[PDB]
>>> print(open('work.txt').read())   # compact mmCIF, N, CA and C atoms
# COMPACT_ATOMS: atom_id res chain seq x y z
N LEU Y 1 100.38 16.58 155.95
CA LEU Y 1 100.96 17.64 155.09
C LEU Y 1 100.50 18.99 155.59
N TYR Y 2 101.02 20.04 154.98
CA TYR Y 2 100.78 21.33 155.51
C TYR Y 2 100.27 22.26 154.38
N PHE Y 3 99.03 22.72 154.49
CA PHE Y 3 98.45 23.60 153.45
C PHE Y 3 99.27 24.86 153.10
N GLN Y 4 100.06 25.35 154.06
CA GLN Y 4 100.92 26.51 153.86
C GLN Y 4 102.38 26.09 153.71
N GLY Y 5 102.62 24.86 153.28
CA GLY Y 5 104.00 24.35 153.13
C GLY Y 5 104.78 25.19 152.12
N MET Y 6 106.09 25.23 152.27
CA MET Y 6 106.92 25.96 151.33
C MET Y 6 108.11 25.08 151.11
N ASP Y 7 108.54 24.97 149.87
CA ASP Y 7 109.71 24.17 149.50
C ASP Y 7 110.87 25.12 149.24
N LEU Y 8 111.77 25.24 150.21
CA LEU Y 8 112.85 26.22 150.05
C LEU Y 8 114.03 25.67 149.24
N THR Y 9 113.86 24.51 148.59
CA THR Y 9 114.79 24.19 147.51
C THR Y 9 114.37 24.90 146.21
N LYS Y 10 113.13 25.42 146.17
CA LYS Y 10 112.46 25.93 144.95
C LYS Y 10 112.13 27.42 145.07
N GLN Y 11 112.08 27.92 146.31
CA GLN Y 11 111.79 29.33 146.59
C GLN Y 11 112.72 29.84 147.66
N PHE Y 12 112.90 31.15 147.75
CA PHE Y 12 113.70 31.73 148.84
C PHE Y 12 112.73 32.24 149.90
N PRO Y 13 113.12 32.13 151.17
CA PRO Y 13 112.34 32.85 152.18
C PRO Y 13 112.51 34.35 151.97
N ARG Y 14 111.59 35.14 152.51
CA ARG Y 14 111.59 36.58 152.24
C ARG Y 14 112.80 37.30 152.82
N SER Y 15 113.02 38.52 152.31
CA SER Y 15 114.21 39.28 152.68
C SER Y 15 114.29 39.54 154.17
N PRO Y 16 115.50 39.50 154.73
CA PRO Y 16 115.72 39.93 156.13
C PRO Y 16 115.11 41.29 156.42
N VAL Y 17 115.10 42.20 155.44
CA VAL Y 17 114.69 43.59 155.70
C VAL Y 17 113.32 43.94 155.06
N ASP Y 18 112.57 42.91 154.66
CA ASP Y 18 111.18 43.06 154.20
C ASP Y 18 110.34 43.03 155.50
N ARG Y 19 110.01 44.22 156.02
CA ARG Y 19 109.54 44.30 157.42
C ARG Y 19 108.05 43.96 157.58
N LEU Y 20 107.70 43.46 158.76
CA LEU Y 20 106.30 43.18 159.11
C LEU Y 20 106.16 43.72 160.53
N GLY Y 21 105.15 44.55 160.77
CA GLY Y 21 105.01 45.15 162.10
C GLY Y 21 106.24 46.00 162.48
N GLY Y 22 106.93 46.49 161.46
CA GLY Y 22 108.15 47.27 161.66
C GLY Y 22 109.40 46.42 161.90
N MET Y 23 109.25 45.09 161.98
CA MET Y 23 110.41 44.25 162.39
C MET Y 23 111.06 43.56 161.19
N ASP Y 24 112.39 43.57 161.19
CA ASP Y 24 113.20 42.70 160.29
C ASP Y 24 113.06 41.25 160.77
N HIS Y 25 113.48 40.34 159.91
CA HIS Y 25 113.54 38.88 160.13
C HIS Y 25 112.19 38.18 160.23
N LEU Y 26 111.15 38.89 160.71
CA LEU Y 26 109.86 38.20 161.02
C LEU Y 26 109.27 37.51 159.77
N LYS Y 27 109.18 38.21 158.63
CA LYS Y 27 108.64 37.53 157.42
C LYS Y 27 109.50 36.31 157.07
N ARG Y 28 110.83 36.49 157.11
CA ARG Y 28 111.76 35.44 156.72
C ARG Y 28 111.58 34.20 157.61
N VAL Y 29 111.48 34.42 158.92
CA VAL Y 29 111.32 33.28 159.81
C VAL Y 29 109.92 32.68 159.79
N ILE Y 30 108.89 33.48 159.50
CA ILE Y 30 107.60 32.86 159.16
C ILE Y 30 107.78 31.83 158.04
N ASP Y 31 108.47 32.24 156.98
CA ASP Y 31 108.63 31.34 155.83
C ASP Y 31 109.42 30.11 156.22
N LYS Y 32 110.48 30.31 156.99
CA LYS Y 32 111.31 29.17 157.40
C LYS Y 32 110.53 28.25 158.35
N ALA Y 33 109.70 28.82 159.23
CA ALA Y 33 108.87 28.00 160.09
C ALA Y 33 107.91 27.15 159.29
N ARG Y 34 107.31 27.74 158.26
CA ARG Y 34 106.41 26.93 157.43
C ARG Y 34 107.14 25.79 156.74
N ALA Y 35 108.34 26.06 156.22
CA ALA Y 35 109.11 24.99 155.61
C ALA Y 35 109.56 23.94 156.65
N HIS Y 36 109.90 24.39 157.84
CA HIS Y 36 110.25 23.48 158.92
C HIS Y 36 109.11 22.50 159.25
N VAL Y 37 107.89 23.02 159.40
CA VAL Y 37 106.69 22.19 159.67
C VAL Y 37 106.54 21.18 158.53
N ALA Y 38 106.71 21.67 157.31
CA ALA Y 38 106.55 20.86 156.08
C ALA Y 38 107.67 19.82 155.85
N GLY Y 39 108.85 20.02 156.45
CA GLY Y 39 110.02 19.18 156.09
C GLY Y 39 110.68 19.52 154.77
N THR Y 40 110.64 20.80 154.38
CA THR Y 40 111.13 21.21 153.06
C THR Y 40 112.06 22.44 153.14
N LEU Y 41 112.99 22.40 154.09
CA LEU Y 41 113.92 23.53 154.27
C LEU Y 41 115.06 23.66 153.25
N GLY Y 42 115.41 22.59 152.53
CA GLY Y 42 116.57 22.68 151.64
C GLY Y 42 117.85 23.03 152.38
N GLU Y 43 118.58 24.02 151.85
CA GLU Y 43 119.86 24.50 152.42
C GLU Y 43 119.59 25.39 153.65
N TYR Y 44 118.33 25.76 153.89
CA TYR Y 44 118.01 26.67 155.01
C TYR Y 44 117.89 25.90 156.31
N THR Y 45 118.01 26.60 157.43
CA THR Y 45 117.91 25.96 158.73
C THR Y 45 117.01 26.79 159.63
N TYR Y 46 115.96 26.16 160.16
CA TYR Y 46 115.11 26.80 161.12
C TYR Y 46 115.73 26.68 162.52
N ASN Y 47 115.71 27.80 163.24
CA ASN Y 47 116.34 27.90 164.57
C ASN Y 47 117.85 27.82 164.49
N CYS Y 48 118.40 28.28 163.37
CA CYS Y 48 119.83 28.53 163.34
C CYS Y 48 120.15 29.82 164.13
N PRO Y 49 121.44 30.14 164.29
CA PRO Y 49 121.79 31.30 165.14
C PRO Y 49 121.06 32.61 164.79
N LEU Y 50 120.74 32.85 163.52
CA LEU Y 50 120.05 34.10 163.16
C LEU Y 50 118.59 34.07 163.68
N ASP Y 51 117.89 32.97 163.44
CA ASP Y 51 116.54 32.82 164.03
C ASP Y 51 116.60 32.90 165.55
N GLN Y 52 117.63 32.31 166.15
CA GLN Y 52 117.76 32.29 167.62
C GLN Y 52 117.89 33.73 168.11
N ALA Y 53 118.63 34.56 167.38
CA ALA Y 53 118.78 35.97 167.80
C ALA Y 53 117.43 36.69 167.80
N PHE Y 54 116.61 36.44 166.79
CA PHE Y 54 115.28 37.06 166.70
C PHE Y 54 114.39 36.51 167.83
N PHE Y 55 114.31 35.18 167.94
CA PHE Y 55 113.48 34.62 169.00
C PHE Y 55 113.94 35.06 170.40
N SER Y 56 115.24 35.09 170.63
CA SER Y 56 115.76 35.50 171.93
C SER Y 56 115.36 36.94 172.23
N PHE Y 57 115.54 37.81 171.24
CA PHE Y 57 115.30 39.25 171.45
C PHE Y 57 113.87 39.50 171.91
N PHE Y 58 112.93 38.79 171.29
CA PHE Y 58 111.51 39.04 171.54
C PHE Y 58 110.90 38.10 172.56
N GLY Y 59 111.70 37.15 173.05
CA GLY Y 59 111.24 36.20 174.09
C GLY Y 59 110.27 35.18 173.56
N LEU Y 60 110.51 34.73 172.33
CA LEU Y 60 109.67 33.74 171.69
C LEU Y 60 110.30 32.36 171.70
N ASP Y 61 109.45 31.35 171.85
CA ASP Y 61 109.93 29.97 171.78
C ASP Y 61 109.78 29.47 170.36
N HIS Y 62 110.87 28.99 169.77
CA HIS Y 62 110.87 28.54 168.35
C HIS Y 62 109.85 27.43 168.06
N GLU Y 63 109.60 26.56 169.05
CA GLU Y 63 108.66 25.44 168.86
C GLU Y 63 107.24 26.00 168.85
N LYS Y 64 106.95 26.87 169.80
CA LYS Y 64 105.61 27.51 169.84
C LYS Y 64 105.35 28.37 168.63
N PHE Y 65 106.38 29.08 168.15
CA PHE Y 65 106.21 29.88 166.93
C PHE Y 65 105.89 29.01 165.72
N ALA Y 66 106.60 27.89 165.55
CA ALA Y 66 106.33 27.02 164.42
C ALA Y 66 104.92 26.45 164.52
N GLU Y 67 104.49 26.07 165.72
CA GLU Y 67 103.12 25.58 165.89
C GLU Y 67 102.09 26.67 165.58
N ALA Y 68 102.39 27.89 166.00
CA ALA Y 68 101.44 28.98 165.82
C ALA Y 68 101.20 29.30 164.35
N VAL Y 69 102.22 29.18 163.51
CA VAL Y 69 102.04 29.53 162.11
C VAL Y 69 101.12 28.54 161.39
N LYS Y 70 100.96 27.33 161.93
CA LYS Y 70 100.08 26.32 161.31
C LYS Y 70 98.61 26.71 161.23
N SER Y 71 98.09 27.49 162.18
CA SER Y 71 96.69 27.92 162.10
C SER Y 71 96.57 29.38 161.67
N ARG Y 72 97.71 29.99 161.31
CA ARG Y 72 97.78 31.43 160.96
C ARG Y 72 98.47 31.63 159.61
N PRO Y 73 97.74 31.45 158.52
CA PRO Y 73 98.30 31.46 157.18
C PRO Y 73 98.69 32.84 156.68
N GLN Y 74 98.14 33.88 157.30
CA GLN Y 74 98.41 35.22 156.86
C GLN Y 74 99.40 35.90 157.81
N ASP Y 75 100.25 36.74 157.23
CA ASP Y 75 101.24 37.53 157.99
C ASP Y 75 100.57 38.29 159.15
N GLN Y 76 99.41 38.91 158.91
CA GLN Y 76 98.81 39.70 159.96
C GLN Y 76 98.48 38.81 161.15
N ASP Y 77 98.12 37.55 160.88
CA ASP Y 77 97.78 36.69 161.97
C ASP Y 77 99.01 36.24 162.74
N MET Y 78 100.10 35.99 162.03
CA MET Y 78 101.31 35.65 162.75
C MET Y 78 101.85 36.86 163.54
N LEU Y 79 101.72 38.06 162.96
CA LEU Y 79 102.15 39.27 163.67
C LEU Y 79 101.34 39.44 164.95
N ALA Y 80 100.02 39.21 164.88
CA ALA Y 80 99.18 39.37 166.07
C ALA Y 80 99.61 38.34 167.13
N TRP Y 81 99.99 37.13 166.70
CA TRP Y 81 100.45 36.13 167.67
C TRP Y 81 101.75 36.60 168.36
N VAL Y 82 102.69 37.09 167.56
CA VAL Y 82 103.93 37.62 168.11
C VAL Y 82 103.65 38.71 169.17
N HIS Y 83 102.78 39.65 168.83
CA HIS Y 83 102.45 40.72 169.80
C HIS Y 83 101.87 40.12 171.07
N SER Y 84 101.01 39.10 170.93
CA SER Y 84 100.36 38.52 172.10
C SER Y 84 101.37 37.77 173.01
N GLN Y 85 102.48 37.32 172.42
CA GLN Y 85 103.52 36.58 173.13
C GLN Y 85 104.69 37.42 173.58
N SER Y 86 104.78 38.66 173.10
CA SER Y 86 105.98 39.48 173.27
C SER Y 86 105.66 40.95 173.51
N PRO Y 87 105.60 41.34 174.79
CA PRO Y 87 105.45 42.75 175.09
C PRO Y 87 106.55 43.60 174.41
N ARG Y 88 107.78 43.08 174.32
CA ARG Y 88 108.88 43.89 173.74
C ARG Y 88 108.56 44.22 172.27
N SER Y 89 107.90 43.28 171.59
CA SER Y 89 107.58 43.49 170.16
C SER Y 89 106.53 44.60 169.94
N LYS Y 90 105.83 44.98 171.02
CA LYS Y 90 104.81 46.05 170.95
C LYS Y 90 105.41 47.44 171.20
N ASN Y 91 106.73 47.51 171.38
CA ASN Y 91 107.42 48.77 171.61
C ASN Y 91 108.23 49.15 170.37
N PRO Y 92 107.78 50.18 169.63
CA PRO Y 92 108.48 50.41 168.36
C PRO Y 92 109.96 50.76 168.51
N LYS Y 93 110.35 51.42 169.60
CA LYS Y 93 111.79 51.70 169.78
C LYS Y 93 112.60 50.43 170.03
N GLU Y 94 111.98 49.46 170.68
CA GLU Y 94 112.66 48.18 170.84
C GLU Y 94 112.78 47.43 169.53
N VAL Y 95 111.72 47.44 168.72
CA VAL Y 95 111.81 46.82 167.38
C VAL Y 95 112.92 47.51 166.56
N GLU Y 96 112.98 48.84 166.63
CA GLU Y 96 113.99 49.60 165.90
C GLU Y 96 115.38 49.22 166.43
N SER Y 97 115.49 49.02 167.74
CA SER Y 97 116.74 48.57 168.35
C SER Y 97 117.20 47.25 167.74
N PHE Y 98 116.28 46.28 167.71
CA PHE Y 98 116.57 44.98 167.10
C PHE Y 98 117.06 45.12 165.67
N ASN Y 99 116.30 45.88 164.89
CA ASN Y 99 116.63 46.06 163.47
C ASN Y 99 118.00 46.65 163.29
N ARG Y 100 118.35 47.64 164.11
CA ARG Y 100 119.64 48.31 163.91
C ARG Y 100 120.78 47.32 164.17
N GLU Y 101 120.64 46.51 165.22
CA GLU Y 101 121.69 45.54 165.51
C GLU Y 101 121.74 44.44 164.43
N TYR Y 102 120.57 43.94 164.04
CA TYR Y 102 120.46 42.88 163.03
C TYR Y 102 121.09 43.31 161.72
N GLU Y 103 120.75 44.53 161.28
CA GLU Y 103 121.28 45.03 159.99
C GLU Y 103 122.79 45.36 160.09
N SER Y 104 123.31 45.53 161.31
CA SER Y 104 124.74 45.82 161.47
C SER Y 104 125.59 44.56 161.54
N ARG Y 105 124.96 43.40 161.73
CA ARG Y 105 125.74 42.16 161.98
C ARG Y 105 126.71 41.87 160.85
N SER Y 106 127.98 41.72 161.23
CA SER Y 106 129.06 41.50 160.27
C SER Y 106 129.90 40.34 160.79
N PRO Y 107 130.77 39.78 159.94
CA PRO Y 107 131.56 38.62 160.40
C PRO Y 107 132.32 38.95 161.68
N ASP Y 108 132.17 38.10 162.68
CA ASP Y 108 132.63 38.48 164.03
C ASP Y 108 134.05 38.06 164.39
N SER Y 109 134.82 37.63 163.39
CA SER Y 109 136.19 37.17 163.58
C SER Y 109 136.85 37.20 162.23
N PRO Y 110 138.19 37.22 162.21
CA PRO Y 110 138.84 37.16 160.91
C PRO Y 110 138.54 35.86 160.15
N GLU Y 111 138.39 34.73 160.86
CA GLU Y 111 138.02 33.47 160.23
C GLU Y 111 136.68 33.66 159.50
N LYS Y 112 135.72 34.26 160.19
CA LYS Y 112 134.40 34.42 159.57
C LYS Y 112 134.46 35.48 158.46
N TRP Y 113 135.34 36.48 158.62
CA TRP Y 113 135.53 37.49 157.57
C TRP Y 113 136.04 36.85 156.27
N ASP Y 114 136.97 35.91 156.39
CA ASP Y 114 137.45 35.16 155.21
C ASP Y 114 136.31 34.40 154.53
N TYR Y 115 135.48 33.74 155.33
CA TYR Y 115 134.34 32.99 154.80
C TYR Y 115 133.37 33.93 154.08
N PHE Y 116 132.98 35.02 154.77
CA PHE Y 116 132.04 35.99 154.18
C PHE Y 116 132.54 36.45 152.81
N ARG Y 117 133.81 36.80 152.75
CA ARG Y 117 134.33 37.32 151.47
C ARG Y 117 134.40 36.25 150.38
N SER Y 118 134.66 35.00 150.76
CA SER Y 118 134.65 33.90 149.80
C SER Y 118 133.25 33.68 149.21
N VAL Y 119 132.22 33.78 150.05
CA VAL Y 119 130.84 33.65 149.56
C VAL Y 119 130.53 34.82 148.64
N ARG Y 120 130.81 36.02 149.11
CA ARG Y 120 130.46 37.20 148.34
C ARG Y 120 131.19 37.22 147.00
N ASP Y 121 132.45 36.85 147.02
CA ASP Y 121 133.21 36.88 145.76
C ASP Y 121 132.66 35.84 144.75
N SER Y 122 132.12 34.73 145.24
CA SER Y 122 131.50 33.72 144.35
C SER Y 122 130.20 34.21 143.74
N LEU Y 123 129.52 35.14 144.40
CA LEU Y 123 128.23 35.63 143.93
C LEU Y 123 128.38 36.89 143.10
N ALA Y 124 129.22 37.81 143.56
CA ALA Y 124 129.33 39.12 142.91
C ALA Y 124 130.67 39.75 143.28
N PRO Y 125 131.76 39.40 142.59
CA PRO Y 125 133.01 39.83 143.24
C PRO Y 125 133.32 41.34 143.22
N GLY Y 126 132.58 42.11 142.44
CA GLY Y 126 132.80 43.55 142.35
C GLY Y 126 132.12 44.31 143.49
N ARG Y 127 131.55 43.57 144.44
CA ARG Y 127 130.61 44.19 145.39
C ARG Y 127 131.24 44.33 146.79
N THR Y 128 132.35 45.07 146.87
CA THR Y 128 133.13 45.18 148.10
C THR Y 128 132.41 46.07 149.12
N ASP Y 129 131.33 46.70 148.67
CA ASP Y 129 130.47 47.51 149.54
C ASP Y 129 129.53 46.66 150.38
N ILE Y 130 129.39 45.38 150.04
CA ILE Y 130 128.50 44.48 150.79
C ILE Y 130 129.31 43.84 151.90
N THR Y 131 128.99 44.19 153.16
CA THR Y 131 129.81 43.76 154.31
C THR Y 131 129.03 43.19 155.47
N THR Y 132 127.70 43.23 155.37
CA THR Y 132 126.86 42.70 156.45
C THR Y 132 126.16 41.42 156.00
N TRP Y 133 125.89 40.54 156.95
CA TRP Y 133 125.28 39.26 156.63
C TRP Y 133 123.94 39.42 155.96
N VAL Y 134 123.10 40.34 156.42
CA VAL Y 134 121.74 40.39 155.84
C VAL Y 134 121.79 40.86 154.38
N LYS Y 135 122.78 41.68 154.03
CA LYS Y 135 122.90 42.10 152.62
C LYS Y 135 123.43 40.97 151.78
N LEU Y 136 124.33 40.17 152.35
CA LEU Y 136 124.83 39.00 151.61
C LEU Y 136 123.67 38.02 151.30
N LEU Y 137 122.77 37.81 152.27
CA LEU Y 137 121.60 36.95 152.02
C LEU Y 137 120.77 37.49 150.86
N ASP Y 138 120.48 38.80 150.83
CA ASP Y 138 119.70 39.35 149.71
C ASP Y 138 120.45 39.14 148.40
N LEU Y 139 121.78 39.29 148.42
CA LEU Y 139 122.56 39.11 147.18
C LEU Y 139 122.41 37.67 146.69
N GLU Y 140 122.58 36.70 147.60
CA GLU Y 140 122.49 35.29 147.21
C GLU Y 140 121.07 34.97 146.70
N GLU Y 141 120.07 35.65 147.27
CA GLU Y 141 118.67 35.38 146.94
C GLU Y 141 118.16 36.31 145.82
N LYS Y 142 119.11 36.87 145.08
CA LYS Y 142 118.83 37.56 143.79
C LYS Y 142 117.95 38.80 143.92
N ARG Y 143 118.07 39.50 145.06
CA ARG Y 143 117.36 40.77 145.27
C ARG Y 143 118.31 41.91 145.02
N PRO Y 144 117.77 43.09 144.65
CA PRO Y 144 118.61 44.27 144.52
C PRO Y 144 119.24 44.57 145.87
N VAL Y 145 120.54 44.78 145.85
CA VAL Y 145 121.30 45.22 147.00
C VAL Y 145 122.29 46.25 146.49
>>> encode(input="work.txt", output="structure tokens")
Amino acid sequence: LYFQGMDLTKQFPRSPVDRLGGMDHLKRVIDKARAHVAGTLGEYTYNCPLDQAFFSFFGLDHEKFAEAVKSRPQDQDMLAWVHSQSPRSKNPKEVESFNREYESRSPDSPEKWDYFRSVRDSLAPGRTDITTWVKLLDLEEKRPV
């Protein structure tokens, strides 16, 4: 078992834009990695395309990251591991670059645009101002957006 296990059928991973070390996604994927180690992801998926974009950008291996979080229960310790593995993550303009692209991500085809709007309309149909994936995640996870 895992002392830092998280059951994501019962809790949400942290917001895409709840930053750590200035970076989006990092807190969220820490949480997903812990649930992945534990076997308690629920509807969430570790190393799905969004995690892959974060790992790819910073040159991190998803398997090594999940292993690293097992001995690093605190965010500061996982952040220090990321820095030690990723020179790009130590450059604040590069982190800002990542964040700007991540926060801009929108449905990349009309097929995906139909899907996005179907999800959003099921959660909050008056919210036509919500057009990016990371804002849709916060909406589904009951955060102010």
>>> closest_residue(input="work.txt", among="Y:138, Y:43, Y:61, Y:96", to="residue Y:24", atoms="all atoms listed in the file")
Y:96
>>> atom_distance(input="work.txt", atom1="atom N of residue Y:120", atom2="atom N of residue Y:47")
22.3 Å
>>> residues_around(input="work.txt", residues="residue Y:131", least_positions_apart="6", cutoff="8 Å", atoms="all atoms listed in the file", output="PyMOL selection string")
chain Y and resi 104-107+116
>>> axis_aligned_box(input="work.txt", around="stretch 122-131 of chain Y", padding_each_side="3 Å", output="AutoDock Vina command-line options")
--center_x 130.8 --center_y 40.6 --center_z 148.9 --size_x 11.1 --size_y 19.8 --size_z 19.1
>>> atom_distance(input="work.txt", atom1="atom CA of residue Y:103", atom2="atom CA of residue Y:142")
18.0 Å
>>> atom_distance(input="work.txt", atom1="atom C of residue Y:62", atom2="atom CA of residue Y:115")
28.4 Å
>>> residues_around(input="work.txt", residues="stretch 78-87 of chain Y", least_positions_apart="2", cutoff="7 Å", atoms="only N, CA and C atoms", output="count of residues only")
15
>>> select_by_dssp(input="work.txt", residues="chain Y", states="alpha helix (DSSP H)", output="ChimeraX atom specification")
/Y:26-38,49-58,62-69,75-85,92-104,110-123,133-140
>>> residues_around(input="work.txt", residues="residue Y:119", least_positions_apart="4", cutoff="9 Å", atoms="only C-alpha atoms", output="VMD selection string")
chain Y and resid 114 to 115 123 to 124 136 140
>>> write_last_selection(input="work.txt", atoms="N, CA and C atoms", output="mmCIF file, in the coordinates of the input")
data_model
loop_
_atom_site.group_PDB
_atom_site.id
_atom_site.type_symbol
_atom_site.label_atom_id
_atom_site.label_comp_id
_atom_site.auth_asym_id
_atom_site.auth_seq_id
_atom_site.Cartn_x
_atom_site.Cartn_y
_atom_site.Cartn_z
ATOM 1 N N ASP Y 114 136.970 35.910 156.390
ATOM 2 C CA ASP Y 114 137.450 35.160 155.210
ATOM 3 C C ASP Y 114 136.310 34.400 154.530
ATOM 4 N N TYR Y 115 135.480 33.740 155.330
ATOM 5 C CA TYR Y 115 134.340 32.990 154.800
ATOM 6 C C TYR Y 115 133.370 33.930 154.080
ATOM 7 N N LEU Y 123 129.520 35.140 144.400
ATOM 8 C CA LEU Y 123 128.230 35.630 143.930
ATOM 9 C C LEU Y 123 128.380 36.890 143.100
ATOM 10 N N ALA Y 124 129.220 37.810 143.560
ATOM 11 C CA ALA Y 124 129.330 39.120 142.910
ATOM 12 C C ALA Y 124 130.670 39.750 143.280
ATOM 13 N N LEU Y 136 124.330 40.170 152.350
ATOM 14 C CA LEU Y 136 124.830 39.000 151.610
ATOM 15 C C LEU Y 136 123.670 38.020 151.300
ATOM 16 N N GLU Y 140 122.580 36.700 147.600
ATOM 17 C CA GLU Y 140 122.490 35.290 147.210
ATOM 18 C C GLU Y 140 121.070 34.970 146.700
#
>>> residues_near_point(input="work.txt", point="(111.6, 22.2, 155.3)", cutoff="9 Å", atoms="only C-alpha atoms", output="list in words")
residues 5, 6, 7, 8, 9, 32, 33, 34, 35, 36, 37, 38, 39, 40, 41, 42, 44, 45 and 46 of chain Y
